[PDB]
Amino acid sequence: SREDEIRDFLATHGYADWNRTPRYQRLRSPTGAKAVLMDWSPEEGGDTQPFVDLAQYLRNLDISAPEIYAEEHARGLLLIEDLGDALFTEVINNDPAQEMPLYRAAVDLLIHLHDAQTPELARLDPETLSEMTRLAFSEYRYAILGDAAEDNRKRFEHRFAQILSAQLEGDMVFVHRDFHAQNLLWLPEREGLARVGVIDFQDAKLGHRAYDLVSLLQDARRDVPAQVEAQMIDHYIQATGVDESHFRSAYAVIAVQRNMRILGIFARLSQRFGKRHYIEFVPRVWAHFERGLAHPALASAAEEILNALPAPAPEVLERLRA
């Protein structure tokens, strides 16, 4: 059994007396030392090596990704550091005055990260970013109107790749891809940006400096105040020394890209994975999408894309949920 494998893996590496306290199974020593077991079997299609490689890479930068305590690549098992339970979302739910300082710490992580020498990961080039918006047609539009508007999509993708190519410049940086409050953990005994524990970095890519900042600040699952986004963009620009007009323009086209795709991601979470609650986030996503399409960089694509995708009226939301 898989339980026998887990027990053999733990015994082999000196953790036989540790107990599970219920992919991310909490384990505790007889005296309360903490660790986390990752169970991602190869036979199932999982691979532990990217997690190990990227956790090491981030930690080499004094970023609080988890230490690897033990590894078993062939059986798809790891034992890693437990980064605790103080999720940014929980901290902010309990005390809203922590939002700004927690978001500043996370932006400080990105600033530091973006100064780093990069690993060779697959790149989010303009063509790839454009194609990645296709979920807006194949999942969101399709779930609502019953077709994916193939011709509008091909025309949008072609124009949008050109716009992305025109507005995104500079070397690519490490991008986490799910950089938002729910995947961040507060570690208050640490110093500075090291207080930001990070998980879910394993499918990281190379991409633009604004990519993780958009996910953080336009986070569709939370109501991030406009002043948090404004001030955090200012701070990122001031701290990095990037050209302001260019970063702002890149940020706007990237916000269109990410919100458009997440329309599809959320549509599919509801329609395929039965999670209707993500549909409550669609009006927020749609608003950020529409805002970004009002940026002058998007002028050639805006009117045609808005004609092709249905606004989330109450009947559209219900059809997304049902």
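One-based numbering along the sequence shown.
- According to the entry, the deposited sequence places 4 to 9 unmodelled residues between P22 and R23.
- With 10-18 and 296-304 compared on mean CA B-factor from the PDB entry, the stretch scoring higher is 296-304.
- Set 38-46 against 283-291 and average the Cα temperature factors; 38-46 ends up higher.
- Of the residues listed, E139, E81, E191, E157, the entry assigns the biggest Cα temperature factor to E191.
- In the deposited coordinates, the residue among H208, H235, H112, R134 with the greatest CA B-factor is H235.
- The entry lists a Cα temperature factor for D212 that places it in the lowest third of the chain's modelled residues.
- Ranked by C-alpha B-factor against the other modelled residues of its chain, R26 falls in the highest third.
- Among the modelled residues of the chain, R59 sits in the middle third by CA temperature factor in this PDB entry.
- In this PDB entry, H277 carries a Cα temperature factor that places it within the highest third of its chain's modelled residues.
- In the PDB entry, a CA B factor belonging to the lowest third of its chain's modelled residues is recorded for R104.
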